[PDB]
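Heads up: the structure comes next, in structure tokens.
Here, each number is a calculation from the coordinates, and none is a lab measurement. No Cβ is skipped: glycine too gets one built from the backbone with ideal geometry, and neighbour counts run over all protein chains shown.
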Amino acid sequence: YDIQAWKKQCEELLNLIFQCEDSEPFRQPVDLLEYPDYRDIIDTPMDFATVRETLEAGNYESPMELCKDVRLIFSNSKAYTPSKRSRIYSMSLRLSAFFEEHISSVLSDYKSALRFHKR
Ligand SMILES: Cc1cccnc1O
């Protein structure tokens, strides 16, 4: 029932994501010089360095906020891809499966701890 445990759990999961080769396109903001029409398609950029920095600054209140920004990484990749077969999009789908498999217990434990707190 530890209401604060989610934060270290999210730090450890971001460390695994940075070790995965599939994360490399998503570690830093998309390069607008490589992709000059990016902002004509994507309204809100997001990357794993920004997520990590927001967490370490104390600017997430809950793991649900962090999950919403990680899901935006994946939805931007799906919106920007020219093909469902593209290399970078294909990397996003494997990394999304790994994230969703690991975040499920973080969310469940946090929401259980808050219910116990308000009992
Ligand atoms: C998702 C994405 C697609 C194309 C280029 N870079 C990215 O990060």
Checklist outcome for this item: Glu101 passes all but one of the listed conditions (1) out of contact with any helix residue (DSSP H, G or I) (no Cβ under 9 Å at 6 or more places or on another chain); (2) surrounded by 15 or more Cβ atoms within 10 Å (Cβ to Cβ); (3) not aliphatic (A, V, I, L, M); the exception is number (2)
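Search region 29-40 for residues being within 10 Å of the ligand (Cβ to nearest atom) and under 11 Å from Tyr80 (Cβ atoms), and hand back the single one that is surrounded by the most Cβ atoms within 10 Å (Cβ to Cβ).
At the first step, the residues of region 29-40 found to be within 10 Å of the ligand (Cβ to nearest atom) are 29-31, 34-35, 38.
With the extra rule that they be under 11 Å from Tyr80 (Cβ atoms), the set shrinks to 30, 35, 38.
On the way: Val30: 18, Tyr35: 12, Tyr38: 15.
That would be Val30.
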Checklist entry - Can you name the helices (runs of 4 or more DSSP H) wholly within region 11-119 that have at least 3 residues being of a type outside the set (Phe, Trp, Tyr) and over 30 Å from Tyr1 (Cβ atoms)? => result 38-41, 63-80, 87-117
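Looking for something under 15 Å from the mean Cα position of the chain (by Cα) and among the aliphatic types (A, V, I, L, M) - is there at least one such residue anywhere in region 33-44? Give the derivation first.
Residues of region 33-44 under 15 Å from the mean Cα position of the chain (by Cα): 44.
Now narrow it down to the ones that are among the aliphatic types (A, V, I, L, M): none.
Scanning region 33-44 turns up no residue that is under 15 Å from the mean Cα position of the chain (by Cα) and among the aliphatic types (A, V, I, L, M).
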Item to check | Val51 within 10 Å of the chain's Cα centre (by Cα), surrounded by 13 or more Cβ atoms within 10 Å (Cβ to Cβ) and β-branched (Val, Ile, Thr) | outcome: yes
Checklist entry - Does at least one position in region 63-75 carry a residue that is within 13 Å of the ligand (Cβ to nearest atom), in contact (Cβ under 8 Å) with a residue 12 or more places away in the chain and out of contact with any helix residue (DSSP H, G or I) (no Cβ under 6 Å at 6 or more places or on another chain)? => result yes
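So which residues in region 60-119 are among the β-branched types (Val, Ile, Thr), under 30 Å from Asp37 (Cα atoms) and within 13 Å of the chain's Cα centre (by Cα)? Show your work before the answer.
Step one: list which residues in region 60-119 are among the β-branched types (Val, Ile, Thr), which gives 70, 73, 81, 88, 103, 106.
Within this subset, residues satisfying the condition of being under 30 Å from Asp37 (Cα atoms) are 70, 73, 81, 88.
Across region 60-119, the qualifying residues are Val70, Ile73.
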Next on the checklist: What's the number of the only condition in (1) more than 26 Å from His117 (Cβ to Cβ); (2) in contact with a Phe, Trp or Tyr (Cβ under 9 Å, 6 or more places away or on another chain); (3) surrounded by 15 or more Cβ atoms within 10 Å (Cβ to Cβ); (4) of a type outside the set (A, V, I, L, M, F, W, C) that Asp69 fails to meet?
Outcome noted: (1)
Checklist entry - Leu95 is checked against (1) out of contact with any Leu (no Cβ under 8 Å at 6 or more places or on another chain); (2) free of Cβ contacts under 8 Å to residues at least 60 places away in the same chain; (3) among the hydrophobic types (A, V, I, L, M, F, W, C) and fails just one. What number does that condition carry? => result (2)
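Take region 11-28 and flag every residue that is out of contact with any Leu (no Cβ under 8 Å at 6 or more places or on another chain) and either within 16 Å of the ligand (Cβ to nearest atom) or touching a residue at least 60 places away in the same chain (Cβ under 8 Å) (or both). I'd like the intermediate steps shown before the answer.
Let us first name the residues in region 11-28 that are out of contact with any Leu (no Cβ under 8 Å at 6 or more places or on another chain), namely 12-13, 15-16, 18-19, 21, 24-25, 27-28.
Within region 11-28, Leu13, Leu16, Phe18, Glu21, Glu24, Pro25, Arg27, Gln28 meet the criteria.
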